[PDB]
Amino acid sequence: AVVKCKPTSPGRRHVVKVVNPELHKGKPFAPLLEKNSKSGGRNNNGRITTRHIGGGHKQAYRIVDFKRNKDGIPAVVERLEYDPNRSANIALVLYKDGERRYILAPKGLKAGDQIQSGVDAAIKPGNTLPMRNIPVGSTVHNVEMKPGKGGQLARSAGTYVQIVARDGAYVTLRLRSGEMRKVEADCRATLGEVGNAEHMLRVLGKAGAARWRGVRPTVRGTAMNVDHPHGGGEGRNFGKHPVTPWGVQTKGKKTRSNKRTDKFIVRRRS
RNA sequence: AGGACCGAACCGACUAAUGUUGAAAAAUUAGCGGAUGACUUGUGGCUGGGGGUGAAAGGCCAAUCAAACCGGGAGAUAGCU
RNA sequence: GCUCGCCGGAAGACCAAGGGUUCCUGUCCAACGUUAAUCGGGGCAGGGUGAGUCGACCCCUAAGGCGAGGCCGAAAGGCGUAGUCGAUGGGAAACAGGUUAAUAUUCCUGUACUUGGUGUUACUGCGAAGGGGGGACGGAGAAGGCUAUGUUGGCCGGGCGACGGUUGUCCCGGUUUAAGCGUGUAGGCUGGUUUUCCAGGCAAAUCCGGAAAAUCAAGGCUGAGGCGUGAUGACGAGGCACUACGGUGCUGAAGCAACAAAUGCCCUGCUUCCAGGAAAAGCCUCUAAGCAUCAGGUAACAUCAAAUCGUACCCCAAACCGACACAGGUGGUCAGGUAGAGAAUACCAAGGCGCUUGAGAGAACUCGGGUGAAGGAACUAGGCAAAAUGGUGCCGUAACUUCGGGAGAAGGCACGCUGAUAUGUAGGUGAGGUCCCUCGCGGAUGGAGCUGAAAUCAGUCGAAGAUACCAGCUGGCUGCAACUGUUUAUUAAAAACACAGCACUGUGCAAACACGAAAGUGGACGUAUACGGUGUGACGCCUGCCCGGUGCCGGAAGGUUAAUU
RNA sequence: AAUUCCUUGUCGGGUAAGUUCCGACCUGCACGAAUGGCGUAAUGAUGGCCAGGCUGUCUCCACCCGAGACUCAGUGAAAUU
RNA sequence: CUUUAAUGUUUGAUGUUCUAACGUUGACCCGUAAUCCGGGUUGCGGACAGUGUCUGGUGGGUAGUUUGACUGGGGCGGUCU
């Protein structure tokens, strides 16, 4: 649920939290944990490639199963867990054979609900089936772009795509971006929407809340001297076209220079 | 509970006086600010010069920065002293 | 040597880093020491650093580095796999006492302990570069139970006072004792046991995980401290003999209890929160390939081994970094007494210093301070500076407000000492004894003794009772920015920079973008409720007109238009 | 007005006297709505202004305690020329 | 030799389809106790993509340079035969 704190201090007036008691108040499954060392926006050379990344709270990586290739085996949801590596929560599931795994938490899933993957699975939220069997006009998430590699689309808090058409070995989809894409009609997708919808209603409330996530402060560029096109000037001049560093527009200019796929796109967006 | 309050350590450096061939190539004294946090700190590590890093001042990069230092081209050129 | 003064959360003590003989002894005073110098971190010579348990080395690994082949690249070379290095992390074991001019948890004494090798005996399913477990981990907060430690009493020993009094409810001192072993408590977690079954744990598995039944609820694990042992010992205030007053042998009394009590231990705990909290090995198990009157495994005993390097000394400083014996800078550990909320502050203990030029005089003027008649900001760019306020408790507290605040608003009263209430109360602590008992480090009862506020009443001294150090000036109008924060190390801390929040825009993932001749890496082990860029900058009421120009996003009828032909 | 040249704009408030400050007027030299506009509690070593209190800031300095200055002994610089 | 059709070949454009180059930062296998790499199998793409040479456009993102003289100081202005 959404809760607004009280203004007992400057830094707590506009802060808003997303309270969810269903989350497990304990440690996660260690066998499914992995080190995740922070980078700082730097690469193998040691140079900052992506700015505004630094510090933050330590984090462990939860091995999530985006493929769902354990077909023909029911699995029950044990508990919902908080995942820092992503916006959405995860669910610890237990298969009949004794195997445990992490998955994305659908909209209205709970602990004790049963799910299954494959072609003969039931059409219910949480189940995973190839889109060749998913009815048209339905809603799915964690979509695969190439069969066998794992879900890549609709993985965020409250995201979902909609199957709108199916002609042959391909199926057309409208993504949360509004793009009308089509993929092969053999990619696995999971029914339902990822449930953390109220995640967007959050309000950090203070600067330190952005630093906990690893986001470093962002300096504009208008007051930036030899270091940026907008540069400087006596006062607040800014008498040039908006432009990135390295000299690119950033206020309308499109930068998609792929030309390789150019077949799966139909209604790019807007 | 709190980028909450007062206030030592700790990190800072707003004012004043001294000092200005100083005790000190930026400090001392009396006060001052923050002090559970975007805190502070130890050890080690990465980022290299038209490049790095930069809560951005053209700031910092070994008392040196509107392009570091050493060496070399090099006895640069100097219609000027 | 007798006094004086200073530090005493250090100006004391123990270390790392760093330095590298500055340590000790003797000797010398040319130079060095901001003076002299018999002295010295100076010169010369000699002497000094003793480890199975401390540390390094070693085993393991993080960031990261190198990187067989390999991918890439004009050469140089770059990235990176397998792997190998890499602590600031993890991983076996020693305490006390004594001793040297200089070393010791290293030597001596006493008591112990760990990991291994070999051998003997006995019982035996052993085996990994694999699987599983464990190792293994955050912040804040809350108490409770303990100890270090301290205070008092008691006991022991000594003492009866340079000046009035001081054989007593007087004074001084001491009252210490370890790891280990044995008990396994306060308290913490956990439901256990047996059999069957299984798409899982890369193959297997008795192990892990999972499923299904039965049978019991007490089973285990962890765990400070305490007690006992260690210890008929040691140390011991002090004496007896030598005593070159430099010390050595021997002897050596009491060696108890209560109260208070940590930031330390129980605690890697418990509760709670979101920002969701390393890895690997050692260790405990599981089997596979394979080996079985073998080999190996387990227990006991005996025996052997545990090498190598470091250890001196300074280490908030005269020995490190600062050109100096430089008001500087430098990380960790120990943390006494009185008052106190306190590691503040004042005065002291232990302990260590008086800061390497002195003497004398007592002008101007400067520096650092104290006081001040009457006035009280008239000073001045400006109340700069200085003065002033300053505490606990009670009462009381405005506009405005985002209802949290404003607010310690402002403002007013009371504070000492003695006695009594109460020969020291409320409270805390908790003995003996008694009762019970699964007979224990138990529970109940018991209230001794110890400790001990705050308040009231009366009385009393002083000019002054928050008497010292310590310790908010306050209020009113208003500009800028919301706020906490950040910045020109070394003249600018701000109205600038960040900021949460808003918006535009790009990006469908081999994403955009960025670093890179490239490979590739980051973005991200993320996937549009995401990422990047730009501008604005909490919140509230809002954000109007203009697309001619520039730019961006689209489109087409035609025109013009490169190489090429 | 952090924007106003003319300018110490004009009126009023506060003061014995106010180029500053506060509040209104609009004639906006040359505000203006995310290079955001108008307000805004709270905060500020922020800017400006007025009070109470307090004082050697001053009227107007005087005295005193200490370190230098001065003298004696010892050691023994510098800029400049 | 003036003329035009169904053909054959010729080459030109467009479109569809295919697979064999090429791609695969898809899946499985081996080297191999290796998310690299390579090989093999398969699938999806597929003569597109991407690369090389040439070429037009864009291009302060980054460089190399220029930006006159006289002048009752210089600049503005004016002037230069």
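A note on names: the letters A, B, ... follow the listed sequences, proteins ahead of strands, and every chain is numbered from 1. Hydrogens, waters and symmetry mates are skipped; everything else that's a heavy atom, side chains included, is used.
Checking C:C499, C:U534, C:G508 against the side-chain heavy atoms of A:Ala207 singles out C:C499 as nearest. Residue A:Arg47 has its side chain nearest to B:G51 when only C:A510, B:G51, B:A38 are considered. You'll find that the side chain of A:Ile53 is closest to C:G523, out of C:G508, C:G523, C:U536. Side chain of A:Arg12, nearest nucleotide from C:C273, B:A1, C:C525: B:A1. For A:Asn45, taking side-chain heavy atoms from C-beta onward, the closest of the listed nucleotides C:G276, C:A482, C:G520 is C:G520. Nearest nucleotide to the A:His199 side chain, out of C:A199, C:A278, C:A530: C:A530.
The pair A:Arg86-A:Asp83 meets the salt-bridge criterion, since a charged nitrogen lies less than 4.0 angstrom from a carboxylate oxygen. Using a 4.0 Å cut-off between charged side-chain N and carboxylate O, A:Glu78 and A:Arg100 make a salt bridge. A salt bridge is absent between A:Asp113 and A:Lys124; no separation between the charged side-chain nitrogens and carboxylate oxygens falls under 4.0 Å. Looking at A:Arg268 and A:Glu179, a side-chain N of the basic residue comes within less than 4.0 Å of a carboxylate O on the acidic one, giving a salt bridge. At a threshold of 4.0 Å, the pair A:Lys146-A:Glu144 does not count as salt-bridged, since none of the basic side-chain nitrogens sits closer than that to a carboxylate oxygen.
At whole-Å resolution of the value, CG in A:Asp97 and P in C:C208 are 18 Å apart. The CZ atom of A:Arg268 sits 10 Å away from the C1' atom of C:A512 (whole-angstrom rounding). Distance A:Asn69 CG to C:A199 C1': 13 Å, rounded to the nearest Å. Remark: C1' of C:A496 and CD of A:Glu234 are 13 Å apart, rounded to the nearest angstrom. Rounded to whole Å, the distance from CG on A:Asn225 to P on C:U488 is 15 Å. Residue A:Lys254 contributes atom NZ, which lies 16 Å from atom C1' of C:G551 at whole-angstrom precision.
Among the atoms of the strands shown, base atoms are found under 4.0 Å from some heavy atom of A:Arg155. Residue-level contact check: A:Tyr170 touches the backbone only, with heavy atoms under 4.0 Å from sugar-phosphate atoms and none from bases. Using a 4.0 Å heavy-atom criterion, one finds that A:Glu34 contacts the bases of the nucleic acid, with or without backbone contacts as well. At the heavy-atom level, A:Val203 lies under 4.0 Å from the strands shown only through sugar-phosphate atoms. Nucleic acid contact class of A:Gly72 (heavy atoms, under 4.0 Å, all strands): base. Across all strands, A:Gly41 comes closer than 4.0 Å only to sugar-phosphate atoms, never to a base (heavy-atom distances). Among the heavy atoms of the strands lying under 4.0 Å from A:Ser156 are primed sugar atoms or P, OP1, OP2 only; no base atom is included. A:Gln152 comes within 4.0 angstrom of a base, heavy atoms only.
At distances below 3.5 Å, not a single donor-acceptor pair connects side-chain atoms of A:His199 with backbone N or O atoms of A:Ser87. With hydrogens and angles ignored, the 3.5 Å screen pairs a side-chain donor or acceptor of A:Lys38 with a backbone N or O of A:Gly56. Proximity of a side-chain donor or acceptor of A:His141 to a complementary backbone N or O of A:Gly192 within less than 3.5 Å is detected.
For C:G393, the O4'-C1' to base torsion is more than 90° from 0; the nucleotide is therefore anti. C:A237 adopts an anti glycosidic conformation, its chi angle falling more than 90° from 0. Nucleotide C:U49 is shown with a syn base, its glycosidic torsion being within 90° of 0. Glycosidic conformation of C:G430: anti, with the torsion beyond 90° of 0. D:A34 adopts an anti glycosidic conformation, its chi angle falling more than 90° from 0.
A residue-by-residue look at A:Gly247 and A:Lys259 shows that A:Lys259 has its nearest nucleotide of RNA chain E further toward the 5' end. Residue A:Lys263 is the one, among A:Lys263 and A:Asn258, whose nearest nucleotide of RNA chain E lies closer to the 5' end (criterion: closest heavy atom).
Taking 3.5 Å as the limit, the base of B:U47 and the side chain of A:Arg42 contain no donor-acceptor pair of atoms between them. The base of C:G523 is not paired with the side chain of A:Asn43 by any donor and acceptor separated by under 3.5 Å. Applying the 3.5 Å distance criterion, the base of C:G508 shares no donor-acceptor pair with the side chain of A:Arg269. Judged by distance alone with a 3.5 Å cut-off, no donor-acceptor contact links the side chain of A:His14 to the base of C:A500. Between the side chain of A:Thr50 and the base of C:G522, a donor-acceptor pair under 3.5 Å is found. In terms of polar N and O atoms assigned as donor or acceptor, the side chain of A:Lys27 comes within less than 3.5 Å of the base of C:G277 in a complementary pairing. For B:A38, the base has a donor-acceptor partner in the side chain of A:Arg211 [N/O atoms by modelled type, under 3.5 angstrom]. You'll find a donor-acceptor pair under 3.5 Å spanning the side chain of A:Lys251 and the base of C:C504, going by distance alone.
Remark: C:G247 does not pair with C:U303, failing the Watson-Crick or G-U wobble criterion at under 3.5 Å for both atom pairs. The bases of C:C324 and C:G508 do not line up as a Watson-Crick or G-U pair with both contact lengths under 3.5 Å. Taken as a pair, C:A112 and C:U53 qualify: Watson-Crick (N1-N3 plus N6-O4 or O6-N4) or G-U wobble (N1-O2 and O6-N3), both under 3.5 Å. Judged by Watson-Crick and G-U wobble geometry, where both atom pairs must sit under 3.5 Å apart, C:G255 and C:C235 count as a base pair. Taking 3.5 Å as the upper bound for both contacts, C:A56 pairs with C:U308 in Watson-Crick or G-U wobble fashion. With the cut-off at 3.5 Å for both distances, C:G47 forms a Watson-Crick or G-U wobble pair with C:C23. The bases B:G31 and B:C14 are paired, Watson-Crick or G-U wobble, with both atom distances under 3.5 Å. Between C:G5 and C:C547 there is no Watson-Crick or G-U wobble pairing whose two distances both come in under 3.5 Å.
Side-chain atoms of A:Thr128 and A:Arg68 form a donor-acceptor pair, as typed in the model, at a separation below 3.5 Å. Side-chain atoms of A:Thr49 and A:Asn43 include no donor-acceptor pair closer than 3.5 Å.
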Kindly list each side-chain donor-acceptor pair under 3.5 angstrom involving residues 13-24 of chain A, sequence neighbours excluded, with atom names and distances?
none

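Under the 5.5 Å and 30° stacking definition, the step from B:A13 to B:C14 does not qualify as stacked. Stacking check, C:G508 with C:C509: criteria not both met, so the pair falls outside the 5.5 Å centre and 30° angle limits.
Helical stems of RNA chain E (runs of at least 3 Watson-Crick or G-U pairs, donor-acceptor distances under 3.5 Å) are listed by first residue: E:22-24 with E:43-45, E:26-31 with E:37-42, E:68-70 with E:78-80.
Sugar conformation at B:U29 is north: the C1'-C2'-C3'-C4' dihedral has a positive sign, consistent with the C3'-endo side. North puckering is assigned to the sugar ring of C:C539, since its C1'-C2'-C3'-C4' angle is above zero. Judged by the sign of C1'-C2'-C3'-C4', C:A51 carries a south-puckered sugar. Judged by the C1'-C2'-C3'-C4' torsion, which is positive here, the sugar of C:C7 sits on the north, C3'-endo side.
Of the P atoms belonging to C:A261 and C:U183, the separation is 34 Å, rounded to the nearest Å.
Geometric assessment of A:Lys70 against the ring of A:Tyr95 yields a positive cation-pi assignment under the 6.0 Å and 45° thresholds.
Less than 4.0 Å separates RNA chain D from at least one heavy atom of each of the following residues of residues 235-246 of chain A: A:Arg236, A:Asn237, A:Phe238.
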